[PDB]
Amino acid sequence: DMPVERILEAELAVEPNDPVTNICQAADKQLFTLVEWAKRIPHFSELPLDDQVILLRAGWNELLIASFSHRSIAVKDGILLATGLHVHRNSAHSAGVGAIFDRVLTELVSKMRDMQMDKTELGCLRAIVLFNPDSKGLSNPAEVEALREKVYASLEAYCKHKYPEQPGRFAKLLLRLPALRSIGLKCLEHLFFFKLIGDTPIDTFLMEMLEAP
Amino acid sequence: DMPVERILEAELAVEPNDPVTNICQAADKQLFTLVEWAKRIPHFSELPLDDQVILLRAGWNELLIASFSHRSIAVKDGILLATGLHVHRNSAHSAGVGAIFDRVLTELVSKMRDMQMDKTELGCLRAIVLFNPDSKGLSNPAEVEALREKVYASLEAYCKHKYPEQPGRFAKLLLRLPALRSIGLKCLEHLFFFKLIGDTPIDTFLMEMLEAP
Amino acid sequence: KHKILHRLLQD
Amino acid sequence: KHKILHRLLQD
Ligand SMILES: C[C@H](CCC[C@@H](C)CC(=O)O)CC[C@H]1[C@@H](C)CC=CC1(C)C
Ligand SMILES: C[C@H](CCC[C@@H](C)CC(=O)O)CC[C@H]1[C@@H](C)CC=CC1(C)C
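As recorded in the PDB header, X-ray crystallography is the method behind this entry, and the stated resolution is 1.8 Å.

As annotated in the PDB entry, chain A carries the name Retinoic acid receptor RXR-alpha and is attributed to Homo sapiens.

See the structure below:
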């Protein structure tokens, strides 16, 4: 009913001077791809359209950060954008965003790397993020909670079967979500500042995500 | 090595006009009690003193929010402070902090209530929060990560044994942590504003927690 | 309100 | 730096 194979298929289907400008341009492009990803997650497109909107508006930044982070696992001290460009921490630091960039590396990329988080696992974590029953305005929170439950049930089964010798693996994956939440919130604060101050071109879809609410 | 019984004992050992003023006064008082709690968590006092400081400075707000939230489980649409005072959502709304108060109720208290989160579970979640290996400046992150691992291992065992008919319970508990992280961050923003604007007396220990870094 | 997202999600 | 916390944690 929530087959990890479909979740993996979703990940696979979507696979590809100022670093802030380059990252923001890439985020705008990846927001289109994000919508196509979400549609491939079982039961998401059967939700009411307004709830699909709520979930993507609530989760886009965590979903995109998870994706580039896992893509960056083999990169030394940097990230790999979907555009193929590598951004090193030195460049982020020299642009005034070293602190948040270092959190990304230390709390997400290195940890994904250290445990060899696989694409099924990444896919499931993202699906958990997508199905966030705390998102405000949801027509039926319980339905989304139920979908989240089916995803983590499937993830645990996957982990226990694929990595039986690591009984804490499942918990380890779920315990990267508070870091992801914190990092996503900080990235949003930054984006709102770039918008306010005018220091960075912000493309239309990214801009829409920054619109009220 | 990380007995849930010791964790429960820690919880039990510590059990007790402007709602913002009343909440801040209570938070200041509970920060003293927090230190005494942390000392009762196995292996915490054996950490280097500087790391104990880092962990408590990084986690105090999430730890205090978890505590009042679980204390408030039987309260209708409000919270119960350690001072014994009940604060209703109507009062929070009329003080300009209704939004964050409602997140607390909807994302934490009601959810703790709905699943009947017990004190051992609360205690373990708080111990996970306390042992946050992502805290910056830690002399030995790996050691703290190891302690976090022992706590969640013990929690899962506890859950599987106490509630065998709820195989998703463990995941359900861990998946309240991203909400707790988000709510704690927002509460800090509020506190920094109250400090900036001068609208609320802030006592010495709370004030110290708001000091740099 | 959120016109790009709605359009992409429709179909 | 963080004088109250250090004092409470000591012993
Ligand atoms: C919130 C976005 C989403 C990024 C997704 C792309 C990397 C898309 C892709 O190429 O996979 C990143 C924001 C950060 C941060 C991480 C780098 C430094 C400052 C920001 C600019 C604030
Ligand atoms: C961060 C603190 C910690 C509270 C602990 C006490 C409730 C202690 C106790 O009595 O258990 C709460 C902060 C919030 C919020 C929740 C209520 C409305 C605005 C704030 C004032 C910003």
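Additional details are given in the paragraphs that follow.
Draft legend 1. Main features of the nonpolar core. Core analysis: the biggest nonpolar cluster contains 155 residues, and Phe44 and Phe131 of chain A together with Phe44 and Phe131 of chain B have the highest contact counts within it. Beyond its immediate stretch of four places on either side in the chain, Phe44 of chain A contacts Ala38, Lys39, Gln52, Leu55, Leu56, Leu130 and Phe131 of chain A together with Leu9 of chain C.

Draft legend 2. Examining the interface of chain C and chain A more closely. Contacts between the two partners involve 9 residues from chain C and, on the opposite side, 18 residues from chain A. Here chain C and chain A share an interface that buries about 1,100 Å² over both sides, 72% of which is from carbon and sulfur atoms. Together, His2, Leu5 and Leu9 of chain C form the three largest contributors to the area buried by chain C at its contact with chain A, with a combined 53%. Where chain C touches chain A, the interface holds 0 salt bridges. Viewed at the interface, chain A and chain C are joined by 5 residue pairs in polar contact. Across the side of chain C that touches chain A, the residue classes tally to 4 nonpolar, 2 polar and 3 charged.

Draft legend 3. Fine view of the arrangement of the chains. Most contacts, when the 3 pairs of chains in contact are compared, are made between chains A and B. If you take every C-alpha in chain B and every C-alpha in chain C, the smallest gap between them is 22 Å, and the two do not touch. These two, chain C and chain D, are apart from each other, with no contact and a minimum C-alpha gap of 46 Å.

Draft legend 4. Summary view of the pattern of salt bridges. Summed over all chains, the structure comprises 28 salt bridges over all chains. Of the charged contacts in the structure, one is a salt bridge between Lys119 of chain B and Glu15 of chain B, with a shortest N-O distance of 2.9 Å. Overall, the relative accessible area of 45% leaves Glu15 of chain B in the partly exposed class. Via salt bridges that share partners, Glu156 and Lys160 of chain A together with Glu156 and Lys160 of chain B belong to a single interconnected network.

Draft legend 5. Geometry of the interface of chain A and chain B. With 27 residues of chain A at the interface, the matching set in chain B holds 27 residues. Interface area for chain A against chain B, summed over the two sides, is near 2,200 Å², with a carbon-plus-sulfur share of 57%. Summed over the shared surface of chain A and chain B, the number is 6 salt bridges. One salt bridge in this structure joins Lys111 of chain A and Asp134 of chain B, with 3.3 Å as the shortest N-O distance.

Draft legend 6. Main features of the site of ligand 2. Residues and elements named next belong to chain B. Around ligand 2 sit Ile23, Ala26, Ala27, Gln30, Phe68, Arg71, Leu81, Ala82, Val97, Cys187 and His190, and those are all the residues in its vicinity. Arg71 is positioned such that a nitrogen or oxygen atom in its side chain is 2.6 Å from an oxygen atom of ligand 2. When ligand 2 sits alone it has 570 Å² of accessible area, and the protein chains cover 99% of it. Broken down by element, the residue count for the shell around ligand 2 peaks at 4 residues, all from helix α2 (residues 19-40). A per-class count over the shell around ligand 2 returns 8 nonpolar, 2 polar and 1 charged.

Definitions and cut-offs
- Residues numbered from 1 in each chain as written, not as in the entry; some residues may be left out.
- Chains lettered and ligands numbered in written order.
- Heavy atoms only, no water.
- Core = buried A, V, L, I, M, F, W, Y, C linked by side-chain atoms within 4.5 Å.
- Buried < 20%, exposed > 50% of the residue type's maximum accessible area, 1.4 Å probe, protein only.
- Contact = heavy atoms within 4.5 Å.
- Buried area = accessible area lost by both parts, 1.4 Å probe.
- Salt bridge = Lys/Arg side-chain N within 4 Å of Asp/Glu carboxyl O.
- Polar contact = N/O pair within 3.5 Å; in protein donor to acceptor, adjacent residues only side chain to side chain.
- Nonpolar A, V, L, I, M, F, W, Y, C, P; charged D, E, K, R; others polar.
- Near = heavy atom within 4 Å.
- Areas by Shrake-Rupley, 256 points an atom, 1.4 Å probe, with all protein chains shown as cover.
- Helix = DSSP H or I, 4+ residues; strand = E, 2+ residues; numbered from the N terminus.

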